[PDB]
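Here is the structure we will look at, set down as structure tokens.
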Amino acid sequence: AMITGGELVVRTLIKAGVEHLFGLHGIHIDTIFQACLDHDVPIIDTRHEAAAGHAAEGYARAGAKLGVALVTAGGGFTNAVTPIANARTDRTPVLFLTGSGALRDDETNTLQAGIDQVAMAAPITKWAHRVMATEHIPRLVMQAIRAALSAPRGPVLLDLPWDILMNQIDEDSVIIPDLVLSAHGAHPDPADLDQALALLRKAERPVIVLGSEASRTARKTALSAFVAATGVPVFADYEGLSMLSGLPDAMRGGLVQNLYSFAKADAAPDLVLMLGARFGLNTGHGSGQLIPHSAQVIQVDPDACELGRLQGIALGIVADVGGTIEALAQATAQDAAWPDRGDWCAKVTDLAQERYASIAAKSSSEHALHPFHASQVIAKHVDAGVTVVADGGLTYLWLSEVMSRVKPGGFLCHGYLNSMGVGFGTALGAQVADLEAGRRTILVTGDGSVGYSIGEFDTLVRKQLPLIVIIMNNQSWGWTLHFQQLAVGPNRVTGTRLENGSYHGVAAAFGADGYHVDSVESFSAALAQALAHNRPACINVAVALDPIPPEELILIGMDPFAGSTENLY
Amino acid sequence: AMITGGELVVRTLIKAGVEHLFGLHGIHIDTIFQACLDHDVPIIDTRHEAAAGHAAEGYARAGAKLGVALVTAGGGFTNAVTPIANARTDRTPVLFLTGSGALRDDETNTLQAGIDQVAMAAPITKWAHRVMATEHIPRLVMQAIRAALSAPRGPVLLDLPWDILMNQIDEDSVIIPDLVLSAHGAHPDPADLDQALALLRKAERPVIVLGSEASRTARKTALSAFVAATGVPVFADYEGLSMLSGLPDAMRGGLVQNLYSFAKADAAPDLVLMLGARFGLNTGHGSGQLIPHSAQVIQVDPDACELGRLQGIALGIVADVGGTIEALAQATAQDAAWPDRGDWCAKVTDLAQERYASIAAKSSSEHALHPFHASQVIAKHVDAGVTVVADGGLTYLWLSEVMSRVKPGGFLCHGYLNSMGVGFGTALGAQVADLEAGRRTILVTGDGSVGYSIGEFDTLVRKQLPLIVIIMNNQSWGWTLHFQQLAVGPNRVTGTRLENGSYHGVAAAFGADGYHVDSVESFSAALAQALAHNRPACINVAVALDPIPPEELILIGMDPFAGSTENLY
Amino acid sequence: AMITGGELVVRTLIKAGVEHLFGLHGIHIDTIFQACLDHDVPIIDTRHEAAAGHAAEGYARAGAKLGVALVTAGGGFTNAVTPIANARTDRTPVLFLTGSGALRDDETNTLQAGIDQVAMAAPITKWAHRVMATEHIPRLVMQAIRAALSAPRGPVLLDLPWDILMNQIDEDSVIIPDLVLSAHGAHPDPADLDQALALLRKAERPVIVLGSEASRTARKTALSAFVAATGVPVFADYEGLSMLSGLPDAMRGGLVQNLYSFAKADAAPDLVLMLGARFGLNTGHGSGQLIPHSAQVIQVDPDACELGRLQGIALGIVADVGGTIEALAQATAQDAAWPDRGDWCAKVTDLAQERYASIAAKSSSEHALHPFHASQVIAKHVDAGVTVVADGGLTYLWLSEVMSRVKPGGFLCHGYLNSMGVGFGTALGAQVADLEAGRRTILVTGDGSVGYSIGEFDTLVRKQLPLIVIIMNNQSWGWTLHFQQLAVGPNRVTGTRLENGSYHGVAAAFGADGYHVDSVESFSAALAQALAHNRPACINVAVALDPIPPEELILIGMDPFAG
């Protein structure tokens, strides 16, 4: 039979294992919506293309698989640009399918046409391309999927002109290729692997740090077997934290940020094995505050430019992170036993403890709910059956202090782009993936950031996605207000106050359950109750603004744990 | 004294006459917020960068002046991309100021950095540039303003690296240039002008069509004097419609779409004077449906590629539209004796009438409020003291039928990009400009499109902007649903229903006045009352979905006014 | 009948008035070569795409019309990039037609395909676009031509996929549009024009400076009538110099660089009317060395960002330069009352004189032929019947000192890009245009720069283009060597010597007439003889390296006329 170009798209996605799409309808892509309808492939349709974009990101990250976003020509594409950029930075594998104007109508000042969408996306994608012929669709879709999924993972843009999608062709005349692309990543040269293990055995206080590429491959069995065998404690940036959840307690270092205080306590690591973590925002750049200059660093990353980017390293390996973990588990399952490391792991715990307890002791909820105390209420409920997504500024910095000591099913935080607002879309897509794994999704966001995508409460009710949305409400763009006060002056605060709005009332108006709470008592009760029902909820938590999370000070070169501190201004 | 780079920005803006900015705070652009604070330049801060972007568009269009938008690095910029694209298409003069990462921190995988923001904006701006030195700021800002304001007007992107803004400089060591750029546009060669007037005198049924460039220059006095002298009826696309408001009734043709039916009534124009209207979506492309092939066309546009783009023309002039209008008023005040044209203007009116009355007769509100009847309620209140902004799909197509016969102060509709959602931001900025002119702003949007920027109700309350928001609510993405039914089949509707949500309840939760109405009685009453108070309001109007506006059919090559019609698909 | 897409291209070009193309063949564009063959439209085929590119630039500038370049997919396009960039900077109207891979074969790692040619050209063109359908060809070609010819003039790239050109369609089913685009540019608002004239009358020592846009419009009659009426002296950057050739001697200021010394002699202009000249390399940037800070400046340019770019100005007008000249001629033929200015014009001449005579007196050919003396030999032959093209570094700086006082038919020099090597292609295309106007073309280039395109001697012989090529040979990349020795040190010279090669012997080997000369006697004789025959020639002129032209020192902030 004759079939549309939109039909060729969907047949090809199906063959690649895609089971959900995220998008927002337009006539230019209707052929694709119609094919999905015929094939029972759900499309999670949102109220903003950005939210669809971020949802496909969230589905990808929470599910360790390909996310797919689908947007129409013109405004559709331009509204998807923030998700694309965020995926590029975060190394998230998303295929963005966009419509564009018909090639037949090129340069007619017509509806939604006239944007060079590929030129716009080229600098924020692994690959961006416009399809010139209907027969090409299946190979170019499959090619795009291979680009997205190979290491380092990333976003890909495929532009599908309206006429190219509406054109019909004989199904007997075009092949739909399979997805033939090894799931097992490339391993290191054995010589390099041996050299790494030689260094690791010789080392006195070694640590491992995991990045995004370790979550994408999700090689949990190999990882736990490798750590079980060597005894080495493991830390991670935010993307890598859920990979620590299946490790024996005594070797979970938690978030890499805890390494801060080690130098001051004469316990700086002398070896660091970086598995797909990068020198950048989460690892203290080239400063040495987390990853010491004096330490022998072994870095594994699929992108050779990332190796020793900001610091000298002892050994640099271009390989897949997953394949590397696998190879380490192999090499390690057969050789002599490894040195003890029990004393070193006890140290790591003890320091994570001191940090936590120092914050606990400093935090009061006497006059208003302290953000730390609010974050602790959430942690009580974080097991393997929960995915936590984090947005906001101060909100997530506070939340980060409770996360090292619990074992989340998933944990999705900001990446280098720090784009406020992305959390809602992200969490929605995470929740889609999580229903399939029987997990529950919780978004912890700030009163500012929730504003960006607050329409998606509609989408939760319509699609019966039981996401819980917790709003740490400090009546402000909090982090930026703090900058204004600290970096400029007491009364130079301007454009950062949000002294208005009933966010639970908004959610109620869209049909979600709305709670407003202001204390530890009331918040625990409300969260328990929302977790008990399989319904979407919004909990508006009134929270203090003044308190300064330690990571605020650290990310501008000040010691939050000393007595005094110089302001670099 | 020493002053920041952000300070140089603001001093330069001030000197160009800018009195408001639209934006959303980030640390990377705080220097600019601080300078505005010192100089009492208000920044209208929104809940989404897109809304700020569109608000500067709206301020520009409603005010016939430069709009300025201000966004931070990374996500700030990516969230502004849809406004930039829309400005490019609509020929709207907006200066977009964006932060970016410090040049000192280039390539350190740091916070919000690493997006080639200029590369992304190059293909949708008149000019995009990244400032390399603090001393350059004033000349490059002024240069950007000149680029934006010269014909054809358009958006400009100026990227200001964080370190460049924070750097301090002796004020005595850098000059702030004036804005030296003639406000009077260039005129046509007199030979060409004479040839145009020769043709216009010779012609039997001439018309004038105005585009966006005629609103930007706003030469209302010259225009009315030229029309007074020649007797020629004047039509306009959406951007040009407010320029007809000061003309004698007998010569207001209204929206250019009314030309549709003229051919069928043996009254096709034999001359068309296109002043900055373009061959494209609003003028029936190259089809000849509105601007006949047989007619002698005289086209004036500042962009030479636009001339006879899709059709042959008799005479093509590259000049400013405003200067051309001025020149015509001159030439025409001299000779001053022109043929009658009363019969022809009566015809034009009569046909506009027939159209209107045919729709009136076809429209029933017996079982649910018909969108035409809803649009008529709004028209009762459209005088020179109102700016109407329009968003949605079906919603604005219906509204277009009542607009020709009233005289709005401003009227801001979609352009070629047809980007749903832009109206809220647009209207907000329009309202800022309109307080200065004592005008009231009304947004007419669809239940889908309001979702995109629904957070900006917060902004209305915080900033006490008394915008009225009317939501034509048909429980759906209406236009796309119609496509699905018409172009594909009865029960191929999918991803276009929005059978949920209390939008007035949302507005109430943000502190705006909320009304829900479902009849002509109740809606008139609610609008009167919201117009009487100087407060922001949201009126949720329940409205029928089935009715098909004539422009739906016309924009896909079908006759809504015949009896039968062939489906092109 | 059925016709190819290449045929639609050529029919459309014809209708726009195009009479020559410059290019180099490939299978991807053969359809266009075949159509040109049928319609007797010559294609000047070169040995390098760059030379074709520059030749279309040269044809455009010398002829004041559209130049058209034609290159194949892949390497064809990448080789044309330098011409495109140069046209963008110099505001030269060129349409670049490039092939690319078939849309049917997109992403098959096939022959010459896989370069995003539009992305590459976007940042150096007025417009760059890839044609998606054969029916679109005539409107998009014509649209591109309108883009190129409207102010400010510039290059346009139109990418034509192989399958799109080979496709056939019914000729009756697509319209070839006319070129409907006013030749008369837009004029200033009269209020602005009156304000300008008010200023010009009030001024005590006014001058006019012409840029490229004045050559493109070539409104010589209006210009001469405006100057005749106001008495104001006129200067120009290199592109504008040929527009001074038809003015009365007493009002020719010559090259704008002569304004240097006026401040020192207490005679700095107090008003400057900039017609399409820009603040930049040729006008002393924002320094005030040429266009004084104390002067009231009136700037006219079609590009509003150019107005007061580097300096404050009194009045800024966005309009076509040609239309503005026309409008000034009109306003000025009415009122008819203007102040004398004879004393001021005498001053201008007298300062141009002092400069020239100071160089003359300083220049010796005792031990080897001095470049100034070589430039003087050339000037003897520069009348309205000659186009001079200039390449090289030191070579053109020296040559510039003899050009103000002669009246060339055309004069084509470097622009802001200063791209060495472009002169050969440029001059070749200039010569094509000039045969039609009965003018002779002379290229004055350096021994370095001639190397870039030396294959085009083949093209001269094959196409019987009687271009004369003069090589100022100082055995070196001269200007850069000077930098090395003066900015860094006596014996830090490295990578700048070219102590090898018989360039006249090369030309002989390609069939051109070759001369080698080393004195004033021998050079005059050789140039006379080459100008007497209607044959292509190469004169290799041995010339001194040490002498420092004044503009070398000026372009790095030093006074060559002090102490």
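A, B and C label the chains in the order they appear, each numbered from 1.
In this text, a residue touches a chain if its C-beta (ideal position, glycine included) is under 8 Å from a C-beta of that chain, and two chains touch if they have at least 3 such contacts.
If you sketch which chains touch which, every chain touches every other chain without exception.
With centres taken as mean CA coordinates, the chain nearest to the overall protein centre is B. The chain with its Cα centre farthest from the Cα centre of chain C is A. The distance from the centre of chain B to the centre of chain C, with each centre set as the mean of the Cα atoms, comes to 42 Å.
Separation between the centroids of chain A and chain B, computed from CA atoms only, is 38 Å. Between the CA-based centres of chain A and chain C the separation comes to 55 Å, rounded to the whole angstrom.
Shared interface positions of chain C, defined as residues touching 2 or more other chains, are 122, 139, 143. In the complex of the two chains, the chain A residues touching chain C come out as 103-104, 106-107, 119, 122, 129, 131-133, 136, 139-140, 143.
Interface of chain A with chain B (complex): residues 23-27, 30, 33-34, 36-37, 43, 45, 47-48, 50, 74-75, 78-79, 81-82, 85-86, 89, 107-116, 119-120, 122-124, 278-281, 285-286, 309-310, 416-422, 448, 451-452, 454-455, 458, 461-462, 477, 480, 483-484, 487-488, 492, 494-496, 498-503, 505-506, 508-511, 555.
Of all residues in chain C, those touching chain B in their complex are 122-123, 127, 139, 143-144, 146-147, 149-151, 175, 177-178, 180-182, 184-192, 303-305, 307-310, 312-320, 323, 326.
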